[PDB]
>>> print(open('protein-v1.csv').read())   # CSV, C-alpha atoms
chain,number,residue,atom,x,y,z
A,1,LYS,CA,11.9,0.1,11.6
A,2,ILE,CA,9.8,1.7,8.9
A,3,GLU,CA,10.3,5.4,8.1
A,4,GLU,CA,8.2,7.6,10.4
A,5,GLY,CA,5.4,9.9,9.1
A,6,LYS,CA,4.7,7.9,6.0
A,7,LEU,CA,1.9,5.5,5.0
A,8,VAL,CA,2.8,2.7,2.6
A,9,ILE,CA,-0.1,0.5,1.5
A,10,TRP,CA,0.5,-2.8,-0.3
A,11,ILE,CA,-2.9,-3.5,-1.9
A,12,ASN,CA,-3.8,-7.1,-2.8
A,13,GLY,CA,-6.1,-8.2,-5.6
A,14,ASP,CA,-6.6,-8.1,-9.4
A,15,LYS,CA,-7.7,-4.4,-9.3
A,16,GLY,CA,-8.9,-2.1,-6.5
A,17,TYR,CA,-5.8,0.0,-6.9
A,18,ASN,CA,-7.3,3.3,-8.1
A,19,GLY,CA,-10.1,3.1,-5.6
A,20,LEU,CA,-7.8,2.7,-2.6
A,21,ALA,CA,-5.3,5.1,-4.1
A,22,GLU,CA,-7.9,7.8,-4.2
A,23,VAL,CA,-8.7,7.0,-0.6
A,24,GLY,CA,-5.0,7.2,0.2
A,25,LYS,CA,-5.0,10.7,-1.4
A,26,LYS,CA,-7.9,11.8,0.8
A,27,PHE,CA,-6.0,10.6,3.9
A,28,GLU,CA,-2.9,12.5,2.7
A,29,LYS,CA,-5.0,15.6,1.9
A,30,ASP,CA,-6.4,15.8,5.4
A,31,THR,CA,-3.5,14.7,7.5
A,32,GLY,CA,-0.6,15.8,5.3
A,33,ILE,CA,0.8,12.2,5.6
A,34,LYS,CA,2.5,11.0,2.4
A,35,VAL,CA,0.7,7.9,1.2
A,36,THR,CA,2.2,5.4,-1.2
A,37,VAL,CA,0.0,2.7,-2.7
A,38,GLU,CA,1.4,-0.2,-4.6
A,39,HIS,CA,0.9,-3.9,-5.4
A,40,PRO,CA,4.0,-6.0,-5.4
A,41,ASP,CA,2.4,-9.2,-6.6
A,42,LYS,CA,4.1,-12.5,-5.7
A,43,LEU,CA,4.3,-11.6,-2.0
A,44,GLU,CA,4.9,-15.4,-1.5
A,45,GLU,CA,8.5,-14.8,-2.7
A,46,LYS,CA,8.9,-11.0,-2.3
A,47,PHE,CA,7.5,-10.3,1.1
A,48,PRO,CA,10.0,-12.5,3.0
A,49,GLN,CA,12.7,-10.3,1.6
A,50,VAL,CA,11.5,-7.3,3.6
A,51,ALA,CA,9.8,-9.2,6.4
A,52,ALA,CA,13.1,-10.7,7.6
A,53,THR,CA,14.8,-7.3,7.7
A,54,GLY,CA,12.1,-5.5,9.7
A,55,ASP,CA,10.9,-3.6,6.7
A,56,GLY,CA,7.9,-3.5,4.3
A,57,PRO,CA,4.6,-1.6,4.1
A,58,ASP,CA,2.6,0.0,6.9
A,59,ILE,CA,-0.7,-1.6,5.7
A,60,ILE,CA,-0.8,-4.9,3.8
A,61,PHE,CA,-3.6,-7.0,2.4
A,62,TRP,CA,-3.7,-10.8,2.4
A,63,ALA,CA,-5.9,-13.7,1.2
A,64,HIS,CA,-7.8,-15.6,3.9
A,65,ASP,CA,-5.2,-18.3,3.5
A,66,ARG,CA,-2.0,-16.3,3.0
A,67,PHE,CA,-2.7,-14.0,6.0
A,68,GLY,CA,-2.1,-17.0,8.3
A,69,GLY,CA,1.6,-16.8,7.4
A,70,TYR,CA,1.6,-13.1,7.9
A,71,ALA,CA,0.4,-13.4,11.5
A,72,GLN,CA,2.5,-16.5,12.0
A,73,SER,CA,5.7,-14.6,11.1
A,74,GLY,CA,4.7,-12.2,13.9
A,75,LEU,CA,4.5,-9.2,11.7
A,76,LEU,CA,0.9,-8.6,12.6
A,77,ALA,CA,0.3,-5.6,14.9
A,78,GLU,CA,-2.7,-5.6,17.2
A,79,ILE,CA,-5.8,-4.2,15.5
A,80,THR,CA,-8.9,-2.8,17.2
A,81,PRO,CA,-11.5,-1.6,14.8
A,82,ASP,CA,-14.0,1.0,16.1
A,83,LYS,CA,-16.6,-0.6,18.4
A,84,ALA,CA,-19.3,0.3,15.9
A,85,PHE,CA,-17.3,-1.5,13.2
A,86,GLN,CA,-17.0,-4.6,15.5
A,87,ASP,CA,-20.8,-4.4,15.9
A,88,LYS,CA,-21.2,-4.2,12.1
A,89,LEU,CA,-18.8,-7.1,11.7
A,90,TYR,CA,-20.8,-10.3,11.4
A,91,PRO,CA,-20.0,-13.1,13.8
A,92,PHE,CA,-19.2,-15.3,10.8
A,93,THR,CA,-16.4,-13.1,9.7
A,94,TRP,CA,-15.6,-11.3,13.0
A,95,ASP,CA,-14.5,-14.6,14.5
A,96,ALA,CA,-12.8,-15.5,11.3
A,97,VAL,CA,-10.3,-12.7,12.0
A,98,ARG,CA,-9.6,-13.7,15.6
A,99,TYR,CA,-6.8,-15.7,17.1
A,100,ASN,CA,-6.2,-17.1,20.6
A,101,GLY,CA,-9.6,-15.6,21.4
A,102,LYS,CA,-8.5,-12.1,20.4
A,103,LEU,CA,-9.3,-9.9,17.5
A,104,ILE,CA,-6.2,-9.6,15.4
A,105,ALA,CA,-7.3,-8.6,12.0
A,106,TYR,CA,-10.2,-7.2,9.8
A,107,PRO,CA,-12.0,-8.3,6.7
A,108,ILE,CA,-11.9,-6.2,3.5
A,109,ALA,CA,-13.4,-8.3,0.8
A,110,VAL,CA,-15.6,-11.5,0.4
A,111,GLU,CA,-15.2,-14.1,-2.3
A,112,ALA,CA,-16.7,-17.5,-2.8
A,113,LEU,CA,-16.4,-20.5,-5.2
A,114,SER,CA,-19.1,-21.8,-7.6
A,115,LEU,CA,-19.9,-24.2,-10.4
A,116,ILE,CA,-19.4,-22.4,-13.7
A,117,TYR,CA,-20.7,-24.3,-16.7
A,118,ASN,CA,-21.6,-23.9,-20.4
A,119,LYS,CA,-25.3,-23.0,-20.3
A,120,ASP,CA,-25.7,-22.8,-24.1
A,121,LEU,CA,-24.6,-26.4,-24.4
A,122,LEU,CA,-26.0,-27.9,-21.2
A,123,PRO,CA,-28.3,-25.4,-19.3
A,124,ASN,CA,-28.9,-28.1,-16.8
A,125,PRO,CA,-25.7,-28.5,-14.7
A,126,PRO,CA,-24.6,-31.4,-12.6
A,127,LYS,CA,-26.9,-31.7,-9.6
A,128,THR,CA,-24.1,-33.4,-7.6
A,129,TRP,CA,-20.6,-34.8,-7.7
A,130,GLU,CA,-21.7,-38.1,-9.2
A,131,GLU,CA,-23.0,-36.2,-12.2
A,132,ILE,CA,-19.7,-34.5,-12.8
A,133,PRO,CA,-18.0,-37.4,-14.4
A,134,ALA,CA,-21.3,-38.1,-16.1
A,135,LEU,CA,-20.4,-35.3,-18.5
A,136,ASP,CA,-16.8,-36.3,-18.7
A,137,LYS,CA,-18.1,-39.7,-19.7
A,138,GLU,CA,-20.2,-38.3,-22.6
A,139,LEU,CA,-17.3,-36.3,-23.7
A,140,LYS,CA,-14.8,-39.1,-23.0
A,141,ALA,CA,-15.7,-40.7,-26.4
A,142,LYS,CA,-15.6,-37.2,-27.9
A,143,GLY,CA,-12.0,-36.7,-26.9
A,144,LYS,CA,-12.9,-33.9,-24.4
A,145,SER,CA,-13.8,-33.3,-20.8
A,146,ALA,CA,-16.4,-31.2,-18.9
A,147,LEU,CA,-14.5,-30.8,-15.7
A,148,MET,CA,-11.5,-28.4,-15.8
A,149,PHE,CA,-10.4,-28.3,-12.2
A,150,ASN,CA,-6.8,-27.5,-11.2
A,151,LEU,CA,-5.8,-31.0,-10.0
A,152,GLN,CA,-2.1,-30.7,-10.4
A,153,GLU,CA,-2.4,-28.2,-7.5
A,154,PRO,CA,-4.5,-28.8,-4.4
A,155,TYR,CA,-6.6,-25.8,-5.3
A,156,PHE,CA,-9.6,-27.8,-6.5
A,157,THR,CA,-8.9,-31.0,-4.6
A,158,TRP,CA,-9.0,-29.6,-1.1
A,159,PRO,CA,-12.5,-28.3,-1.4
A,160,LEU,CA,-13.5,-31.5,-3.2
A,161,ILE,CA,-13.0,-33.3,0.2
A,162,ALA,CA,-14.7,-30.4,2.1
A,163,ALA,CA,-17.6,-30.3,-0.4
A,164,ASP,CA,-19.1,-33.5,0.9
A,165,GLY,CA,-19.7,-31.9,4.2
A,166,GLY,CA,-17.6,-34.3,6.2
A,167,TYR,CA,-14.6,-31.9,6.3
A,168,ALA,CA,-14.3,-28.2,7.0
A,169,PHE,CA,-18.1,-27.9,7.1
A,170,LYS,CA,-19.6,-27.2,10.6
A,171,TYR,CA,-22.3,-25.1,12.1
A,172,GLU,CA,-23.8,-24.5,15.6
A,173,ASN,CA,-26.5,-21.9,16.3
A,174,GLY,CA,-24.7,-19.1,14.5
A,175,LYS,CA,-21.3,-20.5,15.2
A,176,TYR,CA,-18.7,-22.6,13.4
A,177,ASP,CA,-16.6,-25.5,14.8
A,178,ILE,CA,-13.0,-25.1,13.7
A,179,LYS,CA,-11.5,-27.2,16.6
A,180,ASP,CA,-12.7,-30.6,15.4
A,181,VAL,CA,-11.1,-32.7,12.7
A,182,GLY,CA,-13.1,-33.6,9.6
A,183,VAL,CA,-10.6,-35.7,7.7
A,184,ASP,CA,-11.4,-38.7,9.9
A,185,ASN,CA,-14.9,-38.9,8.5
A,186,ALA,CA,-16.0,-41.2,5.7
A,187,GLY,CA,-17.5,-38.2,4.0
A,188,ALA,CA,-14.0,-36.7,3.8
A,189,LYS,CA,-12.7,-40.0,2.6
A,190,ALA,CA,-15.4,-40.1,-0.1
A,191,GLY,CA,-14.2,-36.7,-1.6
A,192,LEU,CA,-10.7,-38.0,-2.0
A,193,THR,CA,-12.0,-41.3,-3.2
A,194,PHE,CA,-13.8,-39.5,-5.9
A,195,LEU,CA,-10.6,-37.7,-7.0
A,196,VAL,CA,-8.5,-40.9,-7.3
A,197,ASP,CA,-11.2,-43.1,-8.8
A,198,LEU,CA,-12.3,-40.6,-11.5
A,199,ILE,CA,-8.7,-40.0,-12.4
A,200,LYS,CA,-8.3,-43.8,-13.0
A,201,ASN,CA,-11.6,-43.7,-14.9
A,202,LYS,CA,-10.3,-41.1,-17.3
A,203,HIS,CA,-12.7,-38.4,-16.2
A,204,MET,CA,-10.3,-36.4,-14.1
A,205,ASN,CA,-6.7,-35.4,-15.0
A,206,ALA,CA,-4.2,-35.0,-12.1
A,207,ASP,CA,-2.0,-33.2,-14.6
A,208,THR,CA,-4.5,-30.5,-15.5
A,209,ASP,CA,-3.8,-27.1,-14.0
A,210,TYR,CA,-4.5,-23.4,-14.4
A,211,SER,CA,-2.3,-23.0,-17.5
A,212,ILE,CA,-3.7,-26.1,-19.2
A,213,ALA,CA,-7.3,-25.0,-18.6
A,214,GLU,CA,-6.5,-21.5,-19.6
A,215,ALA,CA,-5.0,-22.6,-22.9
A,216,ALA,CA,-7.9,-25.0,-23.4
A,217,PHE,CA,-10.3,-22.0,-22.9
A,218,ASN,CA,-8.5,-19.7,-25.3
A,219,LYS,CA,-8.0,-22.5,-27.9
A,220,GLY,CA,-11.6,-23.8,-27.4
A,221,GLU,CA,-10.4,-27.4,-27.0
A,222,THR,CA,-13.6,-28.5,-25.3
A,223,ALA,CA,-17.3,-27.9,-25.8
A,224,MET,CA,-17.8,-27.0,-22.1
A,225,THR,CA,-15.9,-26.4,-18.9
A,226,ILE,CA,-16.6,-26.8,-15.1
A,227,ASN,CA,-14.5,-24.4,-13.0
A,228,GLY,CA,-14.7,-21.7,-10.3
A,229,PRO,CA,-15.7,-18.1,-10.9
A,230,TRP,CA,-12.1,-17.0,-10.5
A,231,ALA,CA,-11.3,-18.8,-13.8
A,232,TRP,CA,-14.4,-17.4,-15.4
A,233,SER,CA,-12.4,-14.5,-16.7
A,234,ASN,CA,-10.6,-17.0,-18.8
A,235,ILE,CA,-13.6,-19.3,-19.5
A,236,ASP,CA,-15.6,-16.4,-21.1
A,237,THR,CA,-13.1,-16.2,-23.9
A,238,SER,CA,-15.5,-18.4,-25.9
A,239,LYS,CA,-18.1,-15.6,-25.6
A,240,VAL,CA,-20.9,-18.0,-25.0
A,241,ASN,CA,-23.6,-18.2,-22.3
A,242,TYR,CA,-22.0,-19.6,-19.1
A,243,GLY,CA,-24.3,-20.4,-16.2
A,244,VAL,CA,-23.6,-20.9,-12.5
A,245,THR,CA,-24.8,-23.3,-9.8
A,246,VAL,CA,-23.9,-24.8,-6.4
A,247,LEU,CA,-20.7,-26.8,-6.7
A,248,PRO,CA,-20.6,-28.8,-3.4
A,249,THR,CA,-23.1,-31.3,-2.2
A,250,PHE,CA,-23.3,-31.4,1.6
A,251,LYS,CA,-24.5,-34.7,2.9
A,252,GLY,CA,-26.6,-35.1,-0.2
A,253,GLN,CA,-27.9,-31.6,0.0
A,254,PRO,CA,-26.2,-28.7,-1.7
A,255,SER,CA,-26.3,-25.2,-0.1
A,256,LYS,CA,-23.5,-22.8,-0.8
A,257,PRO,CA,-19.8,-23.0,-1.9
A,258,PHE,CA,-17.2,-22.1,0.8
A,259,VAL,CA,-16.6,-18.4,1.3
A,260,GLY,CA,-13.1,-17.0,1.4
A,261,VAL,CA,-12.9,-13.7,3.2
A,262,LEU,CA,-9.9,-11.5,2.4
A,263,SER,CA,-8.3,-9.6,5.3
A,264,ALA,CA,-5.6,-7.1,6.1
A,265,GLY,CA,-3.1,-6.4,8.8
A,266,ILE,CA,-0.7,-3.7,10.0
A,267,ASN,CA,3.1,-4.1,9.9
A,268,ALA,CA,4.5,-4.6,13.3
A,269,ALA,CA,7.7,-3.0,12.0
A,270,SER,CA,5.7,0.2,11.4
A,271,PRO,CA,6.1,3.0,14.0
A,272,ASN,CA,3.2,4.6,12.2
A,273,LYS,CA,0.4,2.6,13.9
A,274,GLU,CA,-1.4,5.9,14.5
A,275,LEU,CA,-1.4,6.6,10.8
A,276,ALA,CA,-2.7,3.2,10.0
A,277,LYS,CA,-5.1,3.6,12.8
A,278,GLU,CA,-6.7,6.8,11.6
A,279,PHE,CA,-6.6,5.6,7.9
A,280,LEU,CA,-8.2,2.3,8.9
A,281,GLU,CA,-11.0,3.7,11.1
A,282,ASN,CA,-11.7,6.9,9.3
A,283,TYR,CA,-11.4,5.8,5.6
A,284,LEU,CA,-10.7,2.2,4.8
A,285,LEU,CA,-13.5,0.8,6.9
A,286,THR,CA,-15.9,3.6,5.9
A,287,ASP,CA,-18.8,3.0,3.4
A,288,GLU,CA,-17.3,5.7,1.2
A,289,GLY,CA,-13.9,4.1,1.2
A,290,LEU,CA,-15.4,0.6,0.6
A,291,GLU,CA,-17.4,2.0,-2.3
A,292,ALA,CA,-14.2,3.7,-3.7
A,293,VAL,CA,-12.4,0.4,-3.6
A,294,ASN,CA,-15.3,-1.5,-5.2
A,295,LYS,CA,-15.2,1.0,-8.0
A,296,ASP,CA,-12.5,-1.3,-9.4
A,297,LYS,CA,-13.2,-4.5,-7.5
A,298,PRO,CA,-16.5,-6.4,-7.5
A,299,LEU,CA,-19.3,-4.7,-5.5
A,300,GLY,CA,-19.8,-8.1,-3.7
A,301,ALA,CA,-16.7,-7.3,-1.6
A,302,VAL,CA,-17.7,-6.1,1.8
A,303,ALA,CA,-16.0,-5.3,5.1
A,304,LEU,CA,-18.8,-4.1,7.3
A,305,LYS,CA,-22.5,-4.7,7.6
A,306,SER,CA,-22.9,-0.9,7.2
A,307,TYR,CA,-21.8,-1.4,3.6
A,308,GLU,CA,-23.7,-4.7,3.3
A,309,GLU,CA,-26.8,-2.7,4.1
A,310,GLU,CA,-26.1,-0.8,0.8
A,311,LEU,CA,-25.4,-4.1,-1.0
A,312,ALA,CA,-28.8,-5.2,0.2
A,313,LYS,CA,-30.2,-2.9,-2.4
A,314,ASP,CA,-28.6,-5.0,-5.1
A,315,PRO,CA,-31.0,-7.9,-6.0
A,316,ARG,CA,-28.1,-10.1,-6.9
A,317,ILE,CA,-25.4,-9.3,-4.3
A,318,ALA,CA,-28.0,-9.3,-1.5
A,319,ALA,CA,-29.1,-12.8,-2.5
A,320,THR,CA,-25.4,-13.9,-2.6
A,321,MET,CA,-24.7,-12.5,0.9
A,322,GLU,CA,-27.9,-14.2,2.1
A,323,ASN,CA,-26.9,-17.6,0.6
A,324,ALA,CA,-23.3,-17.0,1.9
A,325,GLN,CA,-24.6,-17.9,5.4
A,326,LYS,CA,-25.5,-21.4,4.0
A,327,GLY,CA,-21.8,-22.1,3.6
A,328,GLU,CA,-18.9,-21.5,5.9
A,329,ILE,CA,-16.4,-18.5,6.3
A,330,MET,CA,-12.8,-19.4,5.9
A,331,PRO,CA,-10.8,-18.1,8.9
A,332,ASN,CA,-7.5,-16.4,8.5
A,333,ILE,CA,-6.1,-18.3,11.5
A,334,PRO,CA,-2.5,-19.4,11.1
A,335,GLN,CA,-3.2,-22.7,12.7
A,336,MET,CA,-6.3,-23.3,10.4
A,337,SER,CA,-4.2,-22.6,7.4
A,338,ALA,CA,-1.6,-25.1,8.5
A,339,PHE,CA,-4.4,-27.6,9.1
A,340,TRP,CA,-5.6,-27.1,5.5
A,341,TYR,CA,-2.0,-27.6,4.1
A,342,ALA,CA,-2.0,-31.0,5.9
A,343,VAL,CA,-4.9,-32.0,3.6
A,344,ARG,CA,-3.5,-30.1,0.6
A,345,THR,CA,-0.5,-32.5,0.7
A,346,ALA,CA,-2.8,-35.5,1.3
A,347,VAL,CA,-4.9,-34.8,-1.8
A,348,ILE,CA,-1.7,-34.8,-3.9
A,349,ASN,CA,-0.1,-37.9,-2.4
A,350,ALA,CA,-3.3,-39.7,-3.2
A,351,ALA,CA,-3.7,-38.2,-6.6
A,352,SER,CA,-0.1,-39.3,-7.5
A,353,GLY,CA,-0.7,-42.7,-6.0
A,354,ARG,CA,2.0,-42.3,-3.3
A,355,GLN,CA,-0.5,-43.3,-0.6
A,356,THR,CA,-4.1,-44.4,-0.2
A,357,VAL,CA,-7.1,-42.3,0.9
A,358,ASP,CA,-6.9,-43.8,4.4
A,359,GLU,CA,-3.1,-43.2,4.5
A,360,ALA,CA,-3.4,-39.7,3.0
A,361,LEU,CA,-6.0,-38.4,5.5
A,362,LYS,CA,-4.2,-40.3,8.2
A,363,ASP,CA,-1.1,-38.2,7.7
A,364,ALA,CA,-3.3,-35.1,7.4
A,365,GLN,CA,-5.1,-36.0,10.6
A,366,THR,CA,-1.7,-36.3,12.4
A,367,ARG,CA,-0.5,-32.9,11.0
A,368,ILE,CA,-3.8,-31.3,12.0
A,369,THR,CA,-3.7,-32.7,15.6
A,370,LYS,CA,0.0,-32.1,15.8
>>> encode(input="protein-v1.csv", output="structure tokens")
Amino acid sequence: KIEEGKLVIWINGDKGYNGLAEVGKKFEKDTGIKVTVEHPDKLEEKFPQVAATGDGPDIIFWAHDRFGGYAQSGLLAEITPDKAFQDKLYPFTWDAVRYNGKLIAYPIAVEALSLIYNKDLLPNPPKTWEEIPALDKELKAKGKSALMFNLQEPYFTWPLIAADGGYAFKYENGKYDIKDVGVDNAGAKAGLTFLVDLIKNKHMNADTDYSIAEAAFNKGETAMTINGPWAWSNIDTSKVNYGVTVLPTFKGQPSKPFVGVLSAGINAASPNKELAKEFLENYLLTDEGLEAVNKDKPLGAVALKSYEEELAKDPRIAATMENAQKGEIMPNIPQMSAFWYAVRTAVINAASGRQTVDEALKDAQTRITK
């Protein structure tokens, strides 16, 4: 039971606060409803504290992965965006926020991975995964390494398997297959095989993580680095020209790194569903509101086509959104998240040498089909 007549909004992201806060003010100005915007980071540890007591915000934002636990806990209220919004919602992302064949959530922001590399040093990046350890090899004798993936965590080992195209990479005439299981493919096995073998070959480091790479970036321990665009904010400490290319190679043909679409829900414990309703439909999912939020967050973030139509004007973002279709949208489905975690444990058991690639993806398969 959340207090009536109030709108508490737990925003989720690096910034975006002022943008959404100003939108919250506009809501309060027109409705008279007191709006409180905040960002209690570490929801993984903090959210449960209010979730288990029937408390929390009225509106709350989650990552494509983290959201699955939000709906799983049963704190997600039914959400029905304006019919026009559902039309402006692309099938790729509109289905991504469904569950049990029902629309349960709405997207707010779109992010994707990539291959960030030192362009000044090597303007020609690895064309494929076989050319990743090629640069680790050249630096191997130099006491350095090109690849700086988080390998202690499954962050950059899960998509390593998926990158090959044998796992979590489907397409059917404007649709995606998230019912099949990819870990049983040799392509999926190859990705995990690459991990383990290249660790033994002293090109990859299972110990390397965010904090190690971050320190390496600030200290300048290596001549170059290969990592995602999320780590680029730490990579660019060197103040040199870093370039970007396609990280994954899908059946021998690269296209576009996987696209993680952030989404938000409404607290079931909120009696203020009408306040979240009006805010959502009138403000949050309005081009003006999306622009306000993207005042602090990257402009690439988009909820509706109606805003993507304005992003089409941007030579760079338009091309990104076009190429985004060449990848796959990550659904916020609770079951899909659990299916990913099945592999996220497999990649670590194999990296640590607890079990083989076959055994690792065997256990993953079982967990996915469970």
>>> closest_residue(input="protein-v1.csv", among="A:199, A:212, A:184, A:343", to="residue A:358", atoms="all atoms listed in the file")
A:184
>>> residues_around(input="protein-v1.csv", residues="residue A:167", least_positions_apart="5", cutoff="10 Å", atoms="all atoms listed in the file", output="ChimeraX atom specification")
/A:158-162,180-189,191,250
>>> closest_atom_pairs(input="protein-v1.csv", of="stretch 126-196 of chain A", to="stretch 218-232 of chain A", cutoff="10 Å", atoms="all atoms listed in the file", output="JSON lines")
{"residue": "A:126", "atom": "CA", "partner": "A:226", "partner_atom": "CA", "distance": 9.6}
{"residue": "A:132", "atom": "CA", "partner": "A:226", "partner_atom": "CA", "distance": 8.6}
{"residue": "A:135", "atom": "CA", "partner": "A:224", "partner_atom": "CA", "distance": 9.4}
{"residue": "A:136", "atom": "CA", "partner": "A:225", "partner_atom": "CA", "distance": 9.9}
{"residue": "A:139", "atom": "CA", "partner": "A:223", "partner_atom": "CA", "distance": 8.7}
{"residue": "A:142", "atom": "CA", "partner": "A:222", "partner_atom": "CA", "distance": 9.3}
{"residue": "A:143", "atom": "CA", "partner": "A:222", "partner_atom": "CA", "distance": 8.5}
{"residue": "A:144", "atom": "CA", "partner": "A:222", "partner_atom": "CA", "distance": 5.5}
{"residue": "A:145", "atom": "CA", "partner": "A:222", "partner_atom": "CA", "distance": 6.6}
{"residue": "A:146", "atom": "CA", "partner": "A:225", "partner_atom": "CA", "distance": 4.8}
{"residue": "A:147", "atom": "CA", "partner": "A:226", "partner_atom": "CA", "distance": 4.6}
{"residue": "A:148", "atom": "CA", "partner": "A:226", "partner_atom": "CA", "distance": 5.4}
{"residue": "A:149", "atom": "CA", "partner": "A:227", "partner_atom": "CA", "distance": 5.7}
{"residue": "A:150", "atom": "CA", "partner": "A:227", "partner_atom": "CA", "distance": 8.5}
{"residue": "A:156", "atom": "CA", "partner": "A:228", "partner_atom": "CA", "distance": 8.8}
>>> closest_residue(input="protein-v1.csv", among="A:271, A:154, A:125, A:40", to="residue A:245", atoms="only C-alpha atoms")
A:125
>>> closest_residue(input="protein-v1.csv", among="A:246, A:269, A:351, A:82", to="residue A:51", atoms="all atoms listed in the file")
A:269
>>> atom_distance(input="protein-v1.csv", atom1="atom CA of residue A:86", atom2="atom CA of residue A:175")
16.5 Å
>>> atom_distance(input="protein-v1.csv", atom1="atom CA of residue A:332", atom2="atom CA of residue A:12")
15.1 Å
>>> residues_near_point(input="protein-v1.csv", point="(-21.7, -12.6, 0.9)", cutoff="7 Å", atoms="only C-alpha atoms", output="PyMOL selection string")
chain A and resi 110+300+320-322+324
>>> residues_around(input="protein-v1.csv", residues="residue A:253", least_positions_apart="2", cutoff="10 Å", atoms="all atoms listed in the file", output="list in words")
residues 127, 128, 164, 165, 248, 249, 250, 251, 255 and 256 of chain A
>>> atom_distance(input="protein-v1.csv", atom1="atom CA of residue A:258", atom2="atom CA of residue A:80")
26.7 Å
>>> closest_residue(input="protein-v1.csv", among="A:326, A:367, A:354, A:137", to="residue A:92", atoms="all atoms listed in the file")
A:326
>>> closest_residue(input="protein-v1.csv", among="A:340, A:155, A:99, A:85", to="residue A:287", atoms="only C-alpha atoms")
A:85
>>> residues_near_point(input="protein-v1.csv", point="(-14.6, -23.4, -4.4)", cutoff="6 Å", atoms="all atoms listed in the file", output="list in words")
residues 113, 114, 257 and 258 of chain A
>>> write_last_selection(input="protein-v1.csv", atoms="C-alpha atoms", output="short mmCIF file (atom, residue, chain, number, x, y, z; two decimals), in the frame of the given file")
data_model
loop_
_atom_site.label_atom_id
_atom_site.label_comp_id
_atom_site.auth_asym_id
_atom_site.auth_seq_id
_atom_site.Cartn_x
_atom_site.Cartn_y
_atom_site.Cartn_z
CA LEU A 113 -16.40 -20.50 -5.20
CA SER A 114 -19.10 -21.80 -7.60
CA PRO A 257 -19.80 -23.00 -1.90
CA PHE A 258 -17.20 -22.10 0.80
#
>>> closest_residue(input="protein-v1.csv", among="A:76, A:35, A:108, A:163", to="residue A:293", atoms="all atoms listed in the file")
A:108
>>> build_atoms(input="protein-v1.csv", residues="stretch 97-107 of chain A", atoms="N, CA, C and O atoms", output="mmCIF file, keeping the file's coordinate frame")
data_model
loop_
_atom_site.group_PDB
_atom_site.id
_atom_site.type_symbol
_atom_site.label_atom_id
_atom_site.label_comp_id
_atom_site.auth_asym_id
_atom_site.auth_seq_id
_atom_site.Cartn_x
_atom_site.Cartn_y
_atom_site.Cartn_z
ATOM 1 N N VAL A 97 -11.465 -13.540 11.879
ATOM 2 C CA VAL A 97 -10.300 -12.700 12.000
ATOM 3 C C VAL A 97 -9.806 -12.580 13.420
ATOM 4 O O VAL A 97 -9.152 -11.604 13.788
ATOM 5 N N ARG A 98 -10.146 -13.572 14.236
ATOM 6 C CA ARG A 98 -9.600 -13.700 15.600
ATOM 7 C C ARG A 98 -8.515 -14.705 15.689
ATOM 8 O O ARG A 98 -8.317 -15.500 14.769
ATOM 9 N N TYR A 99 -7.796 -14.699 16.807
ATOM 10 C CA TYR A 99 -6.800 -15.700 17.100
ATOM 11 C C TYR A 99 -6.408 -15.739 18.551
ATOM 12 O O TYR A 99 -6.101 -14.701 19.138
ATOM 13 N N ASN A 100 -6.429 -16.928 19.144
ATOM 14 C CA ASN A 100 -6.200 -17.100 20.600
ATOM 15 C C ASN A 100 -7.335 -16.407 21.371
ATOM 16 O O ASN A 100 -7.164 -16.069 22.543
ATOM 17 N N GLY A 101 -8.481 -16.223 20.725
ATOM 18 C CA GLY A 101 -9.600 -15.600 21.400
ATOM 19 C C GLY A 101 -9.579 -14.105 21.323
ATOM 20 O O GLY A 101 -10.354 -13.419 21.989
ATOM 21 N N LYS A 102 -8.653 -13.583 20.526
ATOM 22 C CA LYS A 102 -8.500 -12.100 20.400
ATOM 23 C C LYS A 102 -8.608 -11.670 18.979
ATOM 24 O O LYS A 102 -8.201 -12.361 18.044
ATOM 25 N N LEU A 103 -9.193 -10.491 18.806
ATOM 26 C CA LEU A 103 -9.300 -9.900 17.500
ATOM 27 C C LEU A 103 -8.005 -9.329 16.991
ATOM 28 O O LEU A 103 -7.433 -8.432 17.609
ATOM 29 N N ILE A 104 -7.522 -9.863 15.875
ATOM 30 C CA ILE A 104 -6.200 -9.600 15.400
ATOM 31 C C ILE A 104 -6.164 -8.880 14.073
ATOM 32 O O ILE A 104 -5.180 -8.246 13.693
ATOM 33 N N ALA A 105 -7.275 -8.992 13.352
ATOM 34 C CA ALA A 105 -7.300 -8.600 12.000
ATOM 35 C C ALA A 105 -8.723 -8.082 11.584
ATOM 36 O O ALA A 105 -9.646 -8.125 12.398
ATOM 37 N N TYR A 106 -8.870 -7.617 10.348
ATOM 38 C CA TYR A 106 -10.200 -7.200 9.800
ATOM 39 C C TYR A 106 -10.371 -7.577 8.399
ATOM 40 O O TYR A 106 -9.434 -7.573 7.600
ATOM 41 N N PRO A 107 -11.605 -7.937 8.064
ATOM 42 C CA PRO A 107 -12.000 -8.300 6.700
ATOM 43 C C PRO A 107 -12.050 -7.075 5.803
ATOM 44 O O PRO A 107 -12.287 -5.965 6.281
#
